[PDB]
Amino acid sequence: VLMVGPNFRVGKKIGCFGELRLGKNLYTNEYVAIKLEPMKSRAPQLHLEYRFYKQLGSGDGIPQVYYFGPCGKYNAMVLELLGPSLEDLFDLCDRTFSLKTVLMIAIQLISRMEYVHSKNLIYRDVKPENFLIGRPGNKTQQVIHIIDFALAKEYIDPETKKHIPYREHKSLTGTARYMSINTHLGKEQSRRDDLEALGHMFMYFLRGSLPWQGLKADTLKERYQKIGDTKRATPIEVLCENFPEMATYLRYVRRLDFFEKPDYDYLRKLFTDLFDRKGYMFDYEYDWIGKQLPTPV
Ligand SMILES: CC(C)[C@H](CO)Nc1nc(Nc2cccc(Cl)c2)c2ncn(C(C)C)c2n1
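When you line the sequence shown up against the deposited numbering, it's residues 36 to 51, 54 to 334, in that order.
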């Protein structure tokens, strides 16, 4: 039987750098998530992720981390078990979300991203698969959590205490569908890029797709370039037709300077004012409420 530490039992695979396992804290009768990485790995990422989680600390919508240590031939990280991702739930809702659902998601994720940034980190891996509700049934099912900090970076260098310098010729980080235009161009990512990728994701949810999806090329590099070219060639006014506030959001974040602190309040208020004008109540009645939600246990 595979164990981590004195008390965490490692169970079945629930997903796939490394595997994700269902685990159980035997001391407390609580299920947990256990991320495994082979000790033999070329390019380990698990210890770096654990360090980022520790830097984030205890925050709203940040998964709790319980243990890091060896587990047979693996390094193991034991964390809070969460429910389905936004991609999973998007599929469950026939691949569109209502405006009310997208705004409840957006308001929370602007805050989630402000929190990450307040801990001197940029995220660099925005995608619907990395935002998870809490376990169906529990007190945090309503909370949209952010996971997977393997691609994060300290944007304030603790050596200098200053913002990281601008540079280019960076290897492309994250998912092509959502990444910022400046990420496509090989520029160092900063706070602006996290918020721009969120914007793309919001429009994906609202539209059901993005116009640069399904572009193919003979190489990965050429494919990224084509997606980038289409992002640049698609006017914000067109992409965000019928969603004026989203156009305002996207234009704002696209125009941020590399070093600039986003005005998180301004962006939230774009969406909360809209939310109010539409007469929505922030009651966490997402589109998926009432549906059969997948569960890890
Ligand atoms: C393995 C992936 C498909 C999913 C979604 O990205 N990842 C995932 N699923 C989690 N839960 C999960 C996995 C499969 C089905 C269901 Cl319903 C939930 C999960 N719980 C905690 N974390 C991290 C904080 C380690 C998690 N990460």
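We treat Cβ as the ideally placed atom computed from N, Cα and C, and that holds for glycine.
Assuming contact is defined by CB atoms lying nearer than 9 Å, are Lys190 and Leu146 in contact in what I supplied? In this structure, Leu146 does not lie closer than 9 Å to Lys190 by Cβ.
Given a cut-off of 9 Å, decide if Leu126 and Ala70 are closer than it, judged by their beta-carbon atoms. no
Please confirm if the region 253 to 262 is in contact with the region 192 to 208, defined as three or more CB-CB distances below 8 Å between the two stretches. no
When the Cα atoms are used, what is the spatial distance from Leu222 to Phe105? Cα to Cα, the separation comes out at about 36 Å.
Assigned secondary structure, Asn167 (DSSP; H/G/I helix, E/B strand, else coil): helix
Assess contact between the region 309 to 323 and the region 137 to 153, defined as three or more Cβ pairs (one per stretch) separated by less than 8 Å. Is contact present? yes
C-beta contact flag for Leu59 and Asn112 at 9 Å: no
Any heavy atom of ligand 1 closer than 8 Å to the Cβ of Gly50? yes
Skipping 5 residues on each side, what residues in its chain have a beta carbon closer than 7 Å to that of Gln226? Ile159, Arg161, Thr210 and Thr220
4 or more residues per run - each alpha helix (DSSP H) lying fully within the region 238 to 279: 257 to 270 and 273 to 276
Evaluate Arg229 with the Cβ neighbour count: other Cβ atoms within 10 Å of its Cβ, from every protein chain shown; 16 or more gives buried, anything less gives exposed. buried
Any chance the CB of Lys72 is under 8 Å from a heavy atom of ligand 1? Yes.
Touch check for the region 82 to 95 and the region 60 to 69: three-plus C-beta pairs under 8 Å? no
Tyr192: which of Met38, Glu297, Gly46 and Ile49 sits nearest, CA to CA? Checked all of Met38, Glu297, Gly46 and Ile49; the closest Cα to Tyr192 is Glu297.
Neighbourhood of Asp231 by C-beta, 8 Å cutoff - its chain only, sequence neighbours within 5 removed: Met150, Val153, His154, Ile159, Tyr160, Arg161 and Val163
Assign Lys268 to one of two classes, buried (16 or more other C-beta atoms within 10 Å of its C-beta) or exposed (fewer than that). buried
By a C-beta neighbour count over all protein chains shown, 10 Å radius and 16 as the cutoff for buried, is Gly245 buried or exposed? exposed
Span of the beta strand (DSSP E) around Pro75: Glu67 to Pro75
Would you kindly work out how many angstroms separate the C-alpha atoms of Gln82 and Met240, rounded to a whole number? Their backbone Cα atoms lie some 31 Å apart in a straight line.
Give the range of the alpha helix (DSSP H) segment to which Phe308 is assigned. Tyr301 to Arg314
Would you call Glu233 buried or exposed, if buried means 16 or more other Cβ atoms sit within 10 Å of its Cβ? buried
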